[PDB]
Amino acid sequence: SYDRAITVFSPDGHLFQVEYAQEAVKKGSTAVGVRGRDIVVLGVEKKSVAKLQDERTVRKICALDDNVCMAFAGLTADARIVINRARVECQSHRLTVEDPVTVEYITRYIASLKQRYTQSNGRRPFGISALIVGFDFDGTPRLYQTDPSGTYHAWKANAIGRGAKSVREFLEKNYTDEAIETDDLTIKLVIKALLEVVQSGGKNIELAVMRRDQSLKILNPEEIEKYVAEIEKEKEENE
Amino acid sequence: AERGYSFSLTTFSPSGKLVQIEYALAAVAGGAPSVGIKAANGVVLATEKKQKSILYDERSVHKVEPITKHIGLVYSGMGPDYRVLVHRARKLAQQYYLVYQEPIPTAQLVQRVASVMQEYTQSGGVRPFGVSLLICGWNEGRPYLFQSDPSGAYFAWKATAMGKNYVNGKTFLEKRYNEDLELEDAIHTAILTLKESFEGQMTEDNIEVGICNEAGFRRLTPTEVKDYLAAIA
Amino acid sequence: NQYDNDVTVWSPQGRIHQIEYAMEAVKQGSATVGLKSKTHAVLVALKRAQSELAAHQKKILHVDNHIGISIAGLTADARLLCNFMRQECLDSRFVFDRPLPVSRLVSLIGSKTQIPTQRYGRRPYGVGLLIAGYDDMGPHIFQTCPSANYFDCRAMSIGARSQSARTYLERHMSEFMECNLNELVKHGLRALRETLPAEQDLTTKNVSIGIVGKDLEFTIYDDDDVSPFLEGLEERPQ
Amino acid sequence: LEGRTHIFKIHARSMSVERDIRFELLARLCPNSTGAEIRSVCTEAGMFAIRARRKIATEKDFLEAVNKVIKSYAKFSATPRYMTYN
Amino acid sequence: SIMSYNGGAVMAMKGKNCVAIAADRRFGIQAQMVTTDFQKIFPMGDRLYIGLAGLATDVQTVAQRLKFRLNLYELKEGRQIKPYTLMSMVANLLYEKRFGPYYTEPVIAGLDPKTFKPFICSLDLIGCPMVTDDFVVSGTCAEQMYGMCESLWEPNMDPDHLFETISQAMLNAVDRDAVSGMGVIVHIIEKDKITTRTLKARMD
Amino acid sequence: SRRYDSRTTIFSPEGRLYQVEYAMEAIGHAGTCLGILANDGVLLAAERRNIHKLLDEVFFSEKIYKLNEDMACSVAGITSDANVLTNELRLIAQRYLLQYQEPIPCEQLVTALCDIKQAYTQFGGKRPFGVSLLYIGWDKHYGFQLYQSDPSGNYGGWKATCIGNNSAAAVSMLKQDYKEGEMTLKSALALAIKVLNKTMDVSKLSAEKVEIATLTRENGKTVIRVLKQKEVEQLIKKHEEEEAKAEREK
Amino acid sequence: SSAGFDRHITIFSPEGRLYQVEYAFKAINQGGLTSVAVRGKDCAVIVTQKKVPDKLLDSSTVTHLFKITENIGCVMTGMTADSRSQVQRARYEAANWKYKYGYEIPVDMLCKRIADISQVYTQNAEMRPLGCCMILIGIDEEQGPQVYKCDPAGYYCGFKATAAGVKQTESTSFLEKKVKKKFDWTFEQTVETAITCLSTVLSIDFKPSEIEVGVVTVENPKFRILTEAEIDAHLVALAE
Amino acid sequence: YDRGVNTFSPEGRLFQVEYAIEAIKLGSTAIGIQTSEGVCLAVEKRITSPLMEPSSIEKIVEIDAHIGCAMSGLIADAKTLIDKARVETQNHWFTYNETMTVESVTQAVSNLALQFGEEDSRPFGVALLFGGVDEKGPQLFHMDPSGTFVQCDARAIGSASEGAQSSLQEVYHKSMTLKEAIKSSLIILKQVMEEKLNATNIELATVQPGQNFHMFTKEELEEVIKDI
Amino acid sequence: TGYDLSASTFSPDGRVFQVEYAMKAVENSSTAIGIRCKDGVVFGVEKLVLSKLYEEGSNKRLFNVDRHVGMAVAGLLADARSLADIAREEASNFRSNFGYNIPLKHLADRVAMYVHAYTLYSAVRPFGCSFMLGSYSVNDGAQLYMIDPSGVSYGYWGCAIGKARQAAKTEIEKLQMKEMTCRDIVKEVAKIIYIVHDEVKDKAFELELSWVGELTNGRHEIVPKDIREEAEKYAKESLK
Ligand SMILES: Nc1ncnc2c1ncn2[C@@H]1O[C@H](COP(=O)(O)OP(=O)(O)OP(=O)(O)O)[C@@H](O)[C@H]1O
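Residues numbered from 1 in each chain as written, not as in the entry; some residues may be left out. Chains lettered and ligands numbered in written order. Part of a larger assembly, values for the part shown. Heavy atoms only, no water. Residues with missing side-chain atoms left out of burial classes, pairs and counts.

Its PDB header attributes the entry to cryo-EM and lists the resolution as 4.4 Å.

Right, dumping it as structure tokens:
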């Protein structure tokens, strides 16, 4: 078949293509997201659209089921495979044990398969990561994240992509209990997180909220433009 | 399975060019000249086989190896790699003739063969063929002339040439061969252009002339070979 | 220096360095001295540990009723070959209903380690097994090496600075065939006592001894089981 | 491991060391750095302290830039001298 | 039996310059009718059809595998498939399983893509190629088919007499056996146009 | 035996894909193909690589391949390299039509081929495919669609295209000529001819060096229009008449 | 001009050349032998020799004339280790011809099949090309005797008289003048020329025991190896 | 001089294994203790940012009902061994109607210790601390990526393990009670950690024959925090 | 530079260094020669003494593969034992599918093919063993074959291997292979082996002997040294 060692342990203890893969995620698109008691919200940016091309082909957000939604970063080619993979596993958790799928179970499948995808011969590690957002059964929130090494980990807020340190710095004033005490405020909270993110031009920004078990609805640049208007108006009233 | 390494030995150059395949093109240029002409009724191919010593007999080894009764073929480049794809195409036409019970189209041979050949360039741990095939035949009343290459591309020419001085010969075939002429003229200008780069000796054993009639391919004997060209061209 | 890369490549001198580099692993193991008499055989090993709280790692382990073995070097391939070693025991014990004479048994081991010493991408096995056993002609002591050469001996030793033990052997091993089990034991560990530094024990728990006989089945002796063997001995001089 | 701190003891005479700074804690966070890289650790302490106007470097202040100064310079190259002869 | 389970009769006959093929519309299990709108003959390419008699599963399956390799043939080579090449394709497909063969009675009636020249052939369930210069009949009862068509079919026939001939032949043959009926569909094709007609048959 | 492999599969420490970068450089050269937004139809054109008049031209459409009755493609790169992929995707389409008896929609089609191409990238050291080919077609749901294949395994599907690197000026031309909901496919055809009348190095715009393959939506035939150069020449001279009329301003 | 691993593996040079096969070409010189193939009208003669460094050498074990078929013998050059491996495969393919097709192999196709396998050795870079040289003869129905040769380029060959190897370059040009003129070839003609081409290159004129002379003629088509007793008769016949 | 990744060192030994031991230095530190009453084990979660969720990363998971374990270095690297070992012991319980011993887990993992190679690919560099209660009482075991097993009373891993064993054997004795060992762990932990002590920084893995399972529960650690 | 790495890779001189290094690898082993009388085949092995080293009669290079055939090997002992298993299994195939004694010829050929085959791939290495093969039978007679790591199958009346080779077979011309019965050949060989291999390099040593032929009724076995004690009797008195 195809037998070759792709990744080996260096004498410093750090692997090569694994830790180096994180640089591709730093050089990918920027994406954000938050969790809440009712409506969870995600984010995406750095689409680099020429406004003359259809947005559904460049779409960075998919979903396995109406309960659990998929969000990735980095290069899309390697994410396609992870998607279809996770679709088969989600459909198996549906098949046997008919209860809805838990983020802890599914993301663990992505991380495990990616781990052995960094172990066996003839397997080149992915240079991308992702973070999954949804709402747990019984109205609870649920989110987790992926890692090149396959380490699942749950955040209170999503900061990745180009300038992850910069956005994560802004989340320090986000974790206040007031934010977000309201879903109406959570949306504008994503616009306020994306305002310090990337160019923050109000065009490439795309977000979808999921309230309880209700499926998310992608908003057209109509309500997001009014939310930008109220952002600059909040900076106006703050003077 | 060998051990089954199967890693492609051909990288993509910074300019997008292929390494081993362009070198194989050098092996095609360093081969032997072979011309062909598609005009009117059928296709006429003219190869060249010269012996390095007087002890050699050309009644044994044949350069023209027809794959089908109505489909002939010649080549340029090294011979060893030629024999390979010969036996290949022989086993390759038989599935078509077995399923469909119908003579396979010349254009079908090319696609099947060049697909396996292109895979032979992408297959890991093995070098491409250094042979550029000239494929002919008559199908559906309209005969055909195709030319292959180590990378596997395929073309269609009225009159083409391979081997040394093929760029010089090509300008000759352009001006001297045009429109459509009978198979007799097709033989004539073929032998003239072959006598361009040939030595000062022309015998029935120095070259061979293959012809695809619409009645099907017939390999001419050295007798007629020296009968038309004696008195060459 | 680039011709040491593969196991397949022959050195310009004809010496494959992969096997030699495995022999260094054999020298980094604990010093163990096996010996046999015309009647009973005694094998002795040395236990080592990294920290004081850590229990000393045992070497000698029981396979066949009459076949004990020592070990040194890598424990991975050691226990792998030990599963193989158990297999070969119960095999004839089932089919033929009889055990295997060690003579023909180790040939199987050398053929087992022949393939990874030749085929590309395979590595040799670092091994410190010293095998003892009783067929109808009495005890046998062999030796194991990554080169897959087994030598029939009355006594042999491997490990750190184990040649100095041999120096004590040559004169003593000729006269230790007549002696019974009792003194044979302490004569076994007398070779190790000169391998370790002379300013410290040589305790009861840092050492492993086993006894196997034609009429005596092999039992692993350690800790308090070594107390009867160490008692009544003379300390080394200055 | 226990010797890495010695380079910190020589470089401690420069600038001013706060009495609460632990060298052994910082030393384990950078294996295989020899003395040069930890010299740049002590260097970037006061370097980033000048930009922040701080006279002495607090232990928690520079380490935030020390994990960055080891990782960011290991990102392009980990300096594998062990690989140079291997 | 195996072939009498679903039943069905397919009859194809060649005219002077044209060719016709017809088959019954009854679909049922044994003596139980299911539906009468079931389609047995399927269109393949242009000015050519294929008839099938046997288990409806093999009818549909073989129809789809046939369309599979068919399209792959016509996508590689722009020319339409030849009648001989079609018959040989079917022969191969049925011969692929020697001991696991599908149960069907293939009937191939179609015009030459080259000229107006028609062609007819029918194959055995194991894929045995067979050609006829008059008509091909495959179905439940062969006695009335071979019996009526020899006393009706003529060497030179215009589409009018071809239609009415195959009409009364299918009527008298189908009305004798109980596993066929529920109307009969007739496909008559020529170079100029394709004509499709549905006969008036007993619904009991 | 490990030293003989060039490690085409593994990444490049800069963050870039080493083999894939050189791969894209092949699409920059050789093939040249265009695409545009048209209502009630779609258009494609390509520049013939061998403009030599000695060819037989018996192959009909050459650089334009038809993988299905409702969809076609425009190839750019090595011919045979594609010819593996064309029969491949052709079988995938045909097994969709076999399984469901329904025309395969463009979405999952393209993405299926893209994952096939990705496979050769993550293992085996195999030679990836340096052929980026286009996609056209019609579905019931979304109607007319435009897509594009990339060696990296991502589909580069937009409403417009740049093939090859010579067409990056056609994209700047298309941003000035951007239109939404205007066809008149002939306007977009004179536009696309205006692209090669400037951006292309070959002047005079020889009708035998290019091939225009249009597909108009027809129910349910979906008519595929393959046009001859004779009626393209008068269209080219109509375009040159438009040029001669545009210089009449100043 | 060389770039990359092309010296160590089988590929094309920047100029299209192959280095491994050109090394195997001169691999025969390490054997230090010579083989001459001469064919007459009804006959064909194969002549070779052997080195006897020690008096312990057995003439029977070190004989270089191999017999593939009862009616078809052969000989090899260069190192014998590589030739032996080709011996059993020659014979195997002969037997499979006799099994599959039910009749004796023309031997024309034998060198071709063999040469295909030689192509595989030329193609894969992870296996040795096997640079031994194959030389065969044969008998065809009403075609007279035939003489074939095969070199590790993965191709087949066969001529009237052909001699390839270490010193065979000089024996060739000597043969070309002896064949023609108009000179006809009979049995004793060919036998008597076998030593002339060897002498012109060597001129050692030694005991016939070291040289082995194979022949194939249509009287009894069975291949036969000549005894030293009769060889010496031809050797004294050519020297008057 | 990169040789087949499986090839011995000139000194020598396995290259990649030797290198994989260094990856334990960059991992988190964990200090287990064996007591006559039970087995207590603690780890530092090493929280980088408040974005981290406390219960997301757990360095200690119980493989068998009565047998626990603690990992080292990378997490997902041990995942593969973790979940598979629990299956091992389970099947033991099925065939023999009896649970697997603490010692059995050792050879269970040692057989799969080094399976890497090419024909017929990278060895895990996660060290393992085996806790559990066999028929002889509470036991604590230690194993290494190379596969060498050794029984350790109180063993430390991670970065400061060299420094942690240091102050360990100083305060260690065989008369250690379980409640004493518990508060003896945190003394070393708070010296080797940069963050202040809180319930989210460290976790305690305790097990006893008469108290189980346990495992461990919340707010129990909160009482141990104020015990300093 | 790198040409000597893989045995499948050629060298600019048109050979393979792996075979070459394998050859002298066998030369550094202790001397092991062979000789054959008319009614049998004599084998001999010289065992060096380094320290003690261990019990007499251990890991002797004399192996018995078949009823009438045995292995006198030199070089690395492990590979010799593995190849002895290979000849054992091959001989078992012959005895299974035919049921009589495998002729020496095709035996050593079947082994030789393996020796050559492990030198056509980069995975495995050329063997570092060179062994003597000889046998006697009533319908066969006395044959002795010499096999080398390159894979060449041939044979003489006598051959020499080990560090002492040319000097070991020098006196062989003095000995009569034909007139001298095997009973006398034993002592005739042992005395020179005691005189050759000077004791300055190796102080102590030990000599093994084996024989098969008509006197043992085709049964090959190590000749018992307590029987006749031929060597030391005449070899200790042959120093003058
Ligand atoms: N262990 C150490 N103790 C004291 N100083 C050190 C240590 N390691 C590094 N240094 C300091 O780091 C500085 C940089 O080292 P330098 O780059 O000169 O090594 P180098 O000469 O490049 O090594 P090499 O000659 O092997 O390349 C030296 O001036 C040295 O004083």
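A. Highlighting the sheet that holds strand β3 (residues 73-74) of chain B. All names here are of chain B. In space, the four strands of this open sheet follow the order β3-β4-β5-β6, with antiparallel pairing throughout. Each end of this open sheet is capped by a strand with a single partner; those strands are β3 and β6 (154-156). Relative to strand β5 (residues 142-148), strand β4 (residues 134-139) runs antiparallel, the two sharing six bridges. Considered in β5, the bridge of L134 is made with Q147. (Pairing = 2+ DSSP bridges. Helix = DSSP H or I, 4+ residues; strand = E, 2+ residues; numbered from the N terminus.)

B. Up close: the site of the ligand. Residues and elements named next belong to chain D. Around the ligand sit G35, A36, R39 and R81, and that is every residue in its neighbourhood. A distance of 3.0 Å separates a nitrogen atom of the ligand from a polar backbone atom of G35. For the ligand, the protein covers 27% of the area, taking 640 Å² as the surface of the free molecule. In the shell around the ligand, the residues fall into one nonpolar, one polar and two charged. (Near = heavy atom within 4 Å. Polar contact = N/O pair within 3.5 Å; in protein donor to acceptor, adjacent residues only side chain to side chain. Areas by Shrake-Rupley, 256 points an atom, 1.4 Å probe, with all protein chains shown as cover. Nonpolar A, V, L, I, M, F, W, Y, C, P; charged D, E, K, R; others polar.)

C. Layout of the pattern of salt bridges. Enumeration over the complete set of coordinates arrives at 54 salt bridges over all chains. The closest approach of N and O atoms between F:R48 and F:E62, which form a salt bridge, is 4.0 Å. In this pair, F:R48 sits in the loop between β2 (42-47) and β3 (64-65) while F:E62 sits in the loop between β2 and β3, placing the two residues 14 residues apart along the sequence. Judged by relative accessible area, which is 24%, F:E62 ranks as partly exposed. Measuring nitrogen to oxygen at the nearest pair gives 3.9 Å for the salt bridge that ties H:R13 to H:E18. Residue classification places H:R13 among the partly exposed positions, given a relative accessible area of 41%. (Salt bridge = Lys/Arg side-chain N within 4 Å of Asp/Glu carboxyl O. Buried < 20%, exposed > 50% of the residue type's maximum accessible area, 1.4 Å probe, protein only.)

D. Helix α3 (residues 103-116) of chain A, seen in detail. Compared with an ideal rise of 1.5 Å per residue, which puts 14 residues at 20 Å, α3(A) spans 20 Å between its outermost C-alpha atoms and is within 8% of the ideal. Among all positions of α3(A), only A:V103, A:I106, A:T107, A:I110, A:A111, A:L113, A:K114 and A:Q115 are buried. Where α3(A) is buried, its residues meet α2 (76-95), β5 (131-135) and β6 (141-145) of chain A together with α2 (76-96) of chain H. (Expected span 1.5 Å × (residues − 1). Contact = heavy atoms within 4.5 Å.)

E. Looking closely at the nonpolar core. Within the largest apolar cluster, 68 residues are counted, with the highest numbers of intra-cluster contacts made by B:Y82, B:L133, E:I108, F:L109 and F:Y135. Top element by residues in this core is helix α2 (residues 80-99) of chain B. It accounts for seven residues. The residues touching B:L133, leaving out its near neighbours within four places in the chain, are B:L73, B:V74, B:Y75, B:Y82, B:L85, B:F146, B:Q147 and B:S148. Ranked by size, the runner-up nonpolar core spans 34 residues in total, among them I:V45, I:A164, I:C182 and I:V189. (Core = buried A, V, L, I, M, F, W, Y, C linked by side-chain atoms within 4.5 Å.)

F. Region of interest: the packing of aromatic side chains. For the structure shown, the criterion picks out 38 aromatic pairs over all chains. When the centroid spacing of 5.0 Å and the interplanar angle of 85 degrees are considered together, the rings of E:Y84 and E:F119 count as edge-to-face. Taken as a pair, E:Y84 in helix α3 (residues 83-95) and E:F119 in strand β8 (residues 118-122) lie far apart in primary sequence, 35 residues in all. Given the relative accessible area of 52%, E:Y84 is considered exposed. Overall, E:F119 belongs to the buried group, its relative accessible area being 11%. Judged by centre distance (5.3 Å) and plane angle (50 degrees), the rings of F:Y4 and G:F5 are tilted. (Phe/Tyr/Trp six-rings, centres within 6.5 Å; stacked < 30°, edge-to-face > 60°.)

G. Layout of the arrangement of the chains. Counting contacts across all 17 pairs of chains found in contact, the highest total belongs to chains B and F. Between chain D and chain F there is no contact, and the shortest C-alpha to C-alpha distance separating them is 8 Å.

H. A look at the pairing of strand β5 (residues 137-143) of chain H. Residue and element names in this part refer to chain H. The element β5 is extensively covered by neighbouring structure, given that seven of its seven residues are classed as buried. Of the pairings in the sheet, the one linking strand β4 (residues 128-134) to β5 comprises seven bridges and is antiparallel in character. Note that in β5 the partner of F130 across the bridge is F141. The turn joining β4 and β5, which pair antiparallel and follow one another in sequence, is formed by two residues. Two elements, β5 and strand β6 (residues 149-151), share three bridges in a ladder whose sense is antiparallel. By the bridge assignment, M143 is partnered in β6 with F149. Between β5 and β6, which pair antiparallel and follow one another directly, the connecting turn spans five residues, one of which, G147, has a positive phi of 100 degrees.

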